$ cat start_10.txt   # compact mmCIF, C-alpha atoms
# COMPACT_ATOMS: atom_id res chain seq x y z
CA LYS H 1 67.42 29.91 -56.68
CA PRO H 2 70.36 28.59 -58.88
CA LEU H 3 69.66 30.25 -62.26
CA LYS H 4 68.65 33.50 -60.55
CA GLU H 5 72.31 33.87 -59.51
CA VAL H 6 73.73 32.87 -62.92
CA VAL H 7 71.61 35.47 -64.72
CA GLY H 8 72.17 38.04 -61.95
CA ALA H 9 75.95 37.74 -62.32
CA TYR H 10 75.84 37.83 -66.14
CA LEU H 11 73.67 40.97 -66.17
CA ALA H 12 75.89 42.67 -63.59
CA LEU H 13 78.95 42.03 -65.80
CA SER H 14 77.16 43.15 -68.99
CA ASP H 15 76.16 46.40 -67.24
CA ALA H 16 79.79 46.91 -66.16
CA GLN H 17 81.03 46.36 -69.72
CA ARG H 18 78.66 49.01 -71.15
CA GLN H 19 79.71 51.37 -68.35
CA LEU H 20 83.43 50.93 -69.21
CA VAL H 21 82.68 51.96 -72.80
CA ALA H 22 80.75 54.99 -71.50
CA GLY H 23 83.55 56.03 -69.12
CA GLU H 24 81.45 55.43 -65.99
CA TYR H 25 84.36 53.76 -64.19
CA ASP H 26 83.00 54.16 -60.64
CA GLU H 27 79.82 52.26 -61.58
CA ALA H 28 81.70 49.72 -63.67
CA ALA H 29 84.03 48.84 -60.80
CA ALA H 30 81.07 48.39 -58.45
CA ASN H 31 79.23 46.14 -60.93
CA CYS H 32 82.31 43.94 -61.52
CA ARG H 33 82.70 43.35 -57.79
CA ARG H 34 78.94 42.78 -57.51
CA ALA H 35 79.05 40.24 -60.36
CA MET H 36 81.69 38.18 -58.51
CA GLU H 37 79.89 38.48 -55.17
CA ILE H 38 76.81 36.96 -56.84
CA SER H 39 78.75 34.26 -58.69
CA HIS H 40 80.30 33.06 -55.41
CA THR H 41 76.88 32.60 -53.72
CA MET H 42 76.11 29.61 -55.97
CA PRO H 43 76.28 26.08 -54.59
CA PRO H 44 79.41 24.19 -55.74
CA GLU H 45 77.30 21.50 -57.49
CA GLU H 46 75.84 24.00 -60.04
CA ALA H 47 77.69 24.02 -63.39
CA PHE H 48 79.39 27.38 -63.97
CA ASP H 49 82.84 28.49 -65.18
CA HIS H 50 84.00 30.33 -62.03
CA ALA H 51 87.64 30.59 -63.10
CA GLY H 52 86.78 32.16 -66.46
CA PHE H 53 83.98 34.34 -65.12
CA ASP H 54 86.17 35.73 -62.31
CA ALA H 55 88.92 36.44 -64.88
CA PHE H 56 86.49 38.45 -67.02
CA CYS H 57 85.34 40.41 -63.95
CA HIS H 58 88.94 41.13 -62.88
CA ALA H 59 89.86 42.32 -66.39
CA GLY H 60 86.91 44.71 -66.40
CA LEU H 61 87.67 45.82 -62.84
CA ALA H 62 91.31 46.51 -63.73
CA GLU H 63 90.26 48.68 -66.68
CA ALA H 64 87.85 50.66 -64.49
CA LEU H 65 90.38 51.17 -61.69
CA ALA H 66 93.02 52.23 -64.23
CA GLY H 67 90.51 54.77 -65.56
CA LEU H 68 90.02 56.16 -62.04
CA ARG H 69 93.83 56.26 -61.57
CA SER H 70 93.56 53.89 -58.59
CA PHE H 71 96.65 52.07 -59.82
CA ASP H 72 97.51 49.90 -56.83
CA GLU H 73 94.09 48.19 -56.85
CA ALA H 74 94.15 48.07 -60.66
CA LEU H 75 97.47 46.23 -60.70
CA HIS H 76 96.20 43.56 -58.30
CA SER H 77 92.99 43.03 -60.26
CA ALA H 78 94.91 42.73 -63.55
CA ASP H 79 97.31 40.19 -62.00
CA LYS H 80 94.37 38.02 -60.88
CA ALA H 81 93.00 38.07 -64.45
CA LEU H 82 96.40 37.31 -65.97
CA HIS H 83 96.93 34.37 -63.59
CA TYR H 84 94.02 32.73 -65.45
CA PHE H 85 94.83 33.91 -69.00
CA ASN H 86 98.48 32.79 -68.85
CA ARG H 87 97.31 29.28 -67.87
CA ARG H 88 94.03 28.69 -69.79
CA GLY H 89 93.76 31.72 -72.13
CA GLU H 90 93.06 31.57 -75.87
CA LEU H 91 94.20 34.68 -77.78
CA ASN H 92 92.16 34.05 -80.97
CA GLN H 93 88.75 33.76 -79.24
CA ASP H 94 86.59 36.61 -77.91
CA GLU H 95 88.30 35.89 -74.57
CA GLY H 96 91.53 37.26 -76.13
CA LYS H 97 90.16 40.81 -76.15
CA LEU H 98 89.94 40.71 -72.34
CA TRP H 99 93.44 39.14 -72.11
CA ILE H 100 94.90 42.08 -74.07
CA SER H 101 92.88 44.49 -71.92
CA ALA H 102 94.35 43.03 -68.71
CA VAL H 103 97.92 43.30 -70.03
CA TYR H 104 97.24 46.91 -71.04
CA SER H 105 95.73 47.71 -67.62
CA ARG H 106 98.82 46.20 -65.97
CA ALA H 107 101.10 48.39 -68.09
CA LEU H 108 99.10 51.53 -67.21
CA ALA H 109 99.09 50.57 -63.52
CA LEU H 110 102.84 49.92 -63.35
CA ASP H 111 103.44 53.19 -65.19
CA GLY H 112 101.09 55.07 -62.83
CA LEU H 113 102.97 53.67 -59.81
CA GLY H 114 106.31 54.96 -61.19
CA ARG H 115 107.54 51.46 -62.11
CA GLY H 116 108.45 52.34 -65.71
CA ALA H 117 111.17 49.69 -66.04
CA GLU H 118 108.47 47.01 -65.66
CA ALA H 119 105.77 48.92 -67.57
CA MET H 120 107.83 49.15 -70.77
CA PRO H 121 108.01 45.44 -71.58
CA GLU H 122 104.25 45.17 -70.85
CA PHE H 123 103.47 47.95 -73.36
CA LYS H 124 105.59 46.06 -75.91
CA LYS H 125 103.62 42.88 -75.08
CA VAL H 126 100.33 44.69 -75.80
CA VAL H 127 101.52 45.59 -79.30
CA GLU H 128 102.88 42.07 -79.91
CA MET H 129 99.56 40.46 -78.89
CA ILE H 130 97.53 42.79 -81.13
CA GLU H 131 99.71 41.76 -84.09
CA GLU H 132 99.54 38.08 -83.17
CA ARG H 133 95.77 38.06 -82.73
CA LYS H 134 93.81 37.12 -85.86
CA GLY H 135 90.47 38.95 -85.49
CA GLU H 136 89.05 42.39 -84.74
CA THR H 137 90.44 44.03 -81.57
CA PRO H 138 88.32 47.14 -80.78
CA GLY H 139 90.31 50.02 -79.31
CA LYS H 140 93.62 48.70 -80.70
CA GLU H 141 94.58 52.10 -82.13
CA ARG H 142 94.11 53.82 -78.76
CA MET H 143 96.22 51.20 -76.97
CA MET H 144 99.03 51.08 -79.52
CA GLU H 145 99.41 54.86 -79.55
CA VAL H 146 99.61 55.02 -75.75
CA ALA H 147 102.06 52.10 -75.77
CA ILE H 148 104.39 53.67 -78.32
CA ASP H 149 104.29 57.16 -76.77
CA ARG H 150 105.06 55.82 -73.28
CA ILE H 151 107.85 53.50 -74.48
CA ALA H 152 109.51 56.64 -75.95
CA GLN H 153 108.90 58.94 -72.95
CA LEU H 154 110.12 56.33 -70.42
CA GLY H 155 113.21 55.72 -72.61
CA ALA H 156 113.96 59.48 -72.48
$ encode --input "start_10.txt" --output "C-alpha cells"
Amino acid sequence: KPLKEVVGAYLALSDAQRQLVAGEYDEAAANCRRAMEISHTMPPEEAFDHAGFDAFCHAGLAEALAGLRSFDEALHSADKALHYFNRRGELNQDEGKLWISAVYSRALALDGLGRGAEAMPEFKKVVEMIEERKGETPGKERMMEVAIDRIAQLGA
C-alpha cells in the first residue's frame, strides 16, 4: 500500500516532465494533477517530502498551462510553486531549474492576462536568476530571448 503510492506519484510526475519537453501540454497537466492526487492519498506517518513534491508538480503544471495559453490557471499554479521556492528553495541545486521555470511561467501568465507592468520585473528576474545560477540551465536561451523581446515590446 504505502510504496505503491510513492512510486505511482513519482512515475506520474516523470511522465509529465517528458510530456512537457514533447509539447504534449494537455497530457502533462493531467499527469501533474494526477501525481498530486496520488501523493495526498498517503497516510501522514509515511516519510515523504509533500511540500517539495507539490512544488515540483505545480511548476510543471504552470508550464503546461502556460503552453495551452490557460493563463489564469497557470498563474495560480506558479504562485503555489513560488510560495515554496521563496521559503525553502535552493537555486544551485537541480531544484533551481524548476524555480526558474515557475518564475518564467508567472511572467508569461501575467503577460498573457494583459498585466504587463507586473510581467516586466518577472522577466528581468528570470534573466537575473539564470546569471546567478552556477550550473547548466536547459532552455535558458529560449527563456532569455522571450524575456528580452517582451521587456522591449511592453516598454514600447
$ closest_residue --input "start_10.txt" --among "H:155, H:2, H:139, H:60" --to "residue H:116" --atoms "only C-alpha atoms"
H:155
$ residues_around --input "start_10.txt" --residues "residue H:71" --least-positions-apart "2" --cutoff "12 Å" --atoms "only C-alpha atoms" --output "PyMOL selection string"
chain H and resi 61-69+73-78+105-115
$ write_last_selection --input "start_10.txt" --atoms "C-alpha atoms" --output "mmCIF file, keeping the file's coordinate frame"
data_model
loop_
_atom_site.group_PDB
_atom_site.id
_atom_site.type_symbol
_atom_site.label_atom_id
_atom_site.label_comp_id
_atom_site.auth_asym_id
_atom_site.auth_seq_id
_atom_site.Cartn_x
_atom_site.Cartn_y
_atom_site.Cartn_z
ATOM 1 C CA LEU H 61 87.670 45.820 -62.840
ATOM 2 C CA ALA H 62 91.310 46.510 -63.730
ATOM 3 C CA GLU H 63 90.260 48.680 -66.680
ATOM 4 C CA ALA H 64 87.850 50.660 -64.490
ATOM 5 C CA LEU H 65 90.380 51.170 -61.690
ATOM 6 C CA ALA H 66 93.020 52.230 -64.230
ATOM 7 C CA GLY H 67 90.510 54.770 -65.560
ATOM 8 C CA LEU H 68 90.020 56.160 -62.040
ATOM 9 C CA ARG H 69 93.830 56.260 -61.570
ATOM 10 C CA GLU H 73 94.090 48.190 -56.850
ATOM 11 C CA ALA H 74 94.150 48.070 -60.660
ATOM 12 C CA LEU H 75 97.470 46.230 -60.700
ATOM 13 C CA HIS H 76 96.200 43.560 -58.300
ATOM 14 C CA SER H 77 92.990 43.030 -60.260
ATOM 15 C CA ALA H 78 94.910 42.730 -63.550
ATOM 16 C CA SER H 105 95.730 47.710 -67.620
ATOM 17 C CA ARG H 106 98.820 46.200 -65.970
ATOM 18 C CA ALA H 107 101.100 48.390 -68.090
ATOM 19 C CA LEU H 108 99.100 51.530 -67.210
ATOM 20 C CA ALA H 109 99.090 50.570 -63.520
ATOM 21 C CA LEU H 110 102.840 49.920 -63.350
ATOM 22 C CA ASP H 111 103.440 53.190 -65.190
ATOM 23 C CA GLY H 112 101.090 55.070 -62.830
ATOM 24 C CA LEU H 113 102.970 53.670 -59.810
ATOM 25 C CA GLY H 114 106.310 54.960 -61.190
ATOM 26 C CA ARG H 115 107.540 51.460 -62.110
#
$ closest_residue --input "start_10.txt" --among "H:58, H:100, H:18, H:145" --to "residue H:79" --atoms "all atoms listed in the file"
H:58
$ closest_residue --input "start_10.txt" --among "H:117, H:30, H:3, H:98" --to "residue H:15" --atoms "only C-alpha atoms"
H:30
$ closest_residue --input "start_10.txt" --among "H:122, H:37, H:95, H:27" --to "residue H:9" --atoms "all atoms listed in the file"
H:37
